Each structure stands twice: as C-alpha cells, then as structure tokens.
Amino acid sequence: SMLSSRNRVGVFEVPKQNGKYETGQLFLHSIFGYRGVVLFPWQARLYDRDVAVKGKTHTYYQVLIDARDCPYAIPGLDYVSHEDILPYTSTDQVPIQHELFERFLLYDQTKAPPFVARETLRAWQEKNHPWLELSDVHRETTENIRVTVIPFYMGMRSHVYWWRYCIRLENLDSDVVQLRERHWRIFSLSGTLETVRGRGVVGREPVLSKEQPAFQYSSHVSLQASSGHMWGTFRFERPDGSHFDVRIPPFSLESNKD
C-alpha cells in the first residue's frame, strides 16, 4: 500500500538518460517519495495502450523500501520503473533500514554506488530473474486516471496457482476523484469465469487529487489452472455527483514460458 503525501539526507544525482541504474543505488520514489535501494535491473515488456499493443522492452528494478517510510512476497520488496527513481548519494554505511539490506549489500568506499552484491544477492537475482520473465507491464488511461498493472507468479499447491499484482492509480488532472468499487473479471484456461464486485481496494477508497495524485496497492488472485487473463474496471466518484469506470487493461497470469 502507498498514497502520496510528503517526504522530509544525501546529495541528489541527475536521473540517467542513456544508462540503467546499478545495484546499491539509493533513490527516492519520484511518486511515493520513499527512501529505497536498487537490487537489480530487469527488462519487462510494457503494453502501454495510450500510444494512440506492440509491447516495447522497458527497464524495471526490484528494490528494498526503507522501513521508516513503510510499516517472493517480502514486506519492503517492490518494483519501480527507471522513471520512478530520483537517484541520490549518502555516506551513512546504513542508508536504508530493512532486514534484507546487509544480507544483499557489502559497504565498500572503493566504488559508486558504494554497496556491492554479497553473492547472497547474485543467487537471489538468479532465482527471481526467471519468474520475472512471466511479468509483463500493462497501462491504460481513462478520463485522466492512469492504471499500471504487473502480475507476479508466486507458485502453486487439487492443483491451485497463486499470483500477486501491483496496481498503481494516478490522477493526471486537477479534478478530485475517489475509488469506490472494483469489478474484476478473472477468466481461467479451464473456461471458468469468476467475477468480483466490491467496495474499495484492500480496504481503501483512495482520494486522488494533485495534492495526493497517486495510489499503489498489491493483492493476489488464485486459479485452479496453469494460466488465465484478468481485467476489470474501478468506479470513481466526482464531487459534482458523477461517476466513471476506469478500465484495468487486460493482463495475463502464467506458469510456463514455452
């Protein structure tokens, strides 16, 4: 979970233009303004319906969120785009507060960023990197509400399959809105078609103003099949009494590659 509200160390770098970020890069989320550290780069196909879907390779990052700006599925663990990263420099030998931080990074003033992969991390990257080939990135805009979805395959355990999903919601306008209802359609490979219509997202009814323009949450979906496609609508309410359905662009839930 995270809304956008306020921030508060370091020196600010220039966002990179023709280069990927390095393991150990400290950054603030350019939207949620948390303190984070880069773990490794990851190339995802991005299906952005707002070029008007011939998906283009785009550099994403697995990342550790500082536990002071927060409370497979590890708590401080998150994915951010290249654009999400405002890079910066500290000289704290502990710049990010998180249980995984020391396990993954050795401090060492030799190099920049000044934190190196503990080989605990290289094993982790090698373990995770395959499964992430199952994570495409979907984004579509309706009525100045931009939706981003990434599915992540959790594993399996009759035979049941688990995905988590990041959804981000962004008000691009100044007009105030609030998420009120979700209406999921989940269509399995079995030909089962589940549906879900309810108040809010994970307990929340987020208000999106240019004072708090963005919300990101994580939830999970279960099938009794190797694969399926999922899509739906969020219903938003305006102060003027009106309401509109923001499309969640279709994404896919996968287990095998070929």
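Note that residue numbering follows the sequence shown and begins at 1.
The segment from residue 130 to residue 131 is modelled without interruption, since every residue of the deposited sequence in that interval carries coordinates. Per the record, residue 157 and residue 158 are separated by 4 to 9 deposited residues that have no coordinates. Just going by the entry, 78 to 86 versus 183 to 191 on mean CA temperature factor gives the higher value to 183 to 191. Here the stretch with the larger average CA B-factor, out of 98 to 106 and 139 to 147, is 98 to 106.
When the C-alpha B-factors of 209, 224, 233, 62 are read from the PDB record, the largest value belongs to 224. Ranking 31, 196, 70, 201 by Cα temperature factor from the entry places 70 first. In the PDB entry, a CA B factor belonging to the highest third of its chain's modelled residues is recorded for residue 124. The entry lists a Cα temperature factor for residue 55 that places it in the highest third of the chain's modelled residues.
Among all modelled residues in this chain, the alpha-carbon of residue 168 has a temperature factor (C-alpha) in the lowest third. Ranked against the other modelled residues of its chain, the C-alpha B-factor of residue 239 as given in the entry falls in the middle third.
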